[PDB]
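We begin with a single chain expressed as structure tokens, specifically the form deposited in one PDB entry.
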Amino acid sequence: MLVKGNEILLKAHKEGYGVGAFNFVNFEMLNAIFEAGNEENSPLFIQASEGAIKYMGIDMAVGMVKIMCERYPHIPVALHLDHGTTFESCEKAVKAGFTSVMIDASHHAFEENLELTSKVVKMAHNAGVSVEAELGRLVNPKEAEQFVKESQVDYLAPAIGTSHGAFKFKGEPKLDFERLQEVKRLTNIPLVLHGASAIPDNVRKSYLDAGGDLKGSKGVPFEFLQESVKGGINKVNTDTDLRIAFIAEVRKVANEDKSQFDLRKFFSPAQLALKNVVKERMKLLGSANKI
């Protein structure tokens, strides 16, 4: 059912596994994410960015998710606003039916980040909605400790080396796991990893075989993601991996049949590739069989 984000992440926090947070922008992404969760018996964190919400309309974003939840009522589902940029954006997500909201104010000084986050928290918590915030651009663990105590935010995303998109590491992957463990120790709350796509080898091969160009993009290796969960990460933001796998198959259908224009012929194999990415990620993070 559609539940508070913290309902899912407190269990993951206490038992020591990661729940993937998967972005979607339309029905095909959402269906494949849900079939993955049903097939791996895994909780689901479903994420929509502000841009995704503008593309779908927030009424359709929430509406499609609610339909999917009633289709799979046995799966714990949180619907999460990814990188909300204003109080008003977060307030609109709360009013529309989101069960989790992120307020990203990490580009501000500590005092202004805490101020705005706290404002979001008391609004969201009044409405039964959980809150994510971000600290770092890396994190100061003692800032994190104070930030969490005073804001009462439900989960925290500390900067430990990742970044959005595919072009993460200009060389070898590097995450500061000592800093992670200290944050986790001092805050004792669920933590979140942004920019956590791995770009597996098969997904990249699929994309390049379809004539795509990834441009030397490298994600977080699987072994770093597992070490992250061992360090205390409980929500693993994942988007790029899904897009590459999906568009790989769309490119492939276009290439191999120039007369094909049935949309289902493009998006059925795209859905399948995306679902498989999600299933494997669920097993990697340790959320499989957790229902």
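Only residues modelled in both forms are compared. We call the rigid core the largest set of C-alpha positions that still match within 1.5 Å between the two forms. Numbers for residues come from their place in the sequence shown, where the first is 1.
The form deposited in another entry is left out here; the points below concern that form.
J.: Only one of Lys184, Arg204, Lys168, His83 crosses a C-alpha shift of 2 angstroms between the shown form and the other one, counting 2 angstroms or more, core aligned. Which residue?
T.: So the only displaced C-alpha belongs to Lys168.
J.: With a change of at least 3 Å, which way does the C-alpha separation between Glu182 and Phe167 go in that other deposited form: closer or farther?
T.: They are closer; the C-alpha distance drops by 3 Å or more in that other deposited form.
J.: With a shift of at least 3 angstroms, figure out whether the C-alpha spacing between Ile199 and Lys170 grows or shrinks in that other deposited form: closer or farther?
T.: It is farther: the C-alpha separation of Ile199 and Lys170 rises by at least 3 Å in that other deposited form.
J.: Fit on the rigid core and then flag the segments of at least 3 consecutive residues whose Cα positions all differ by 2 Å or more between the shown form and the other one.
T.: Moving region between the shown form and the other one: 163-173, nothing else.
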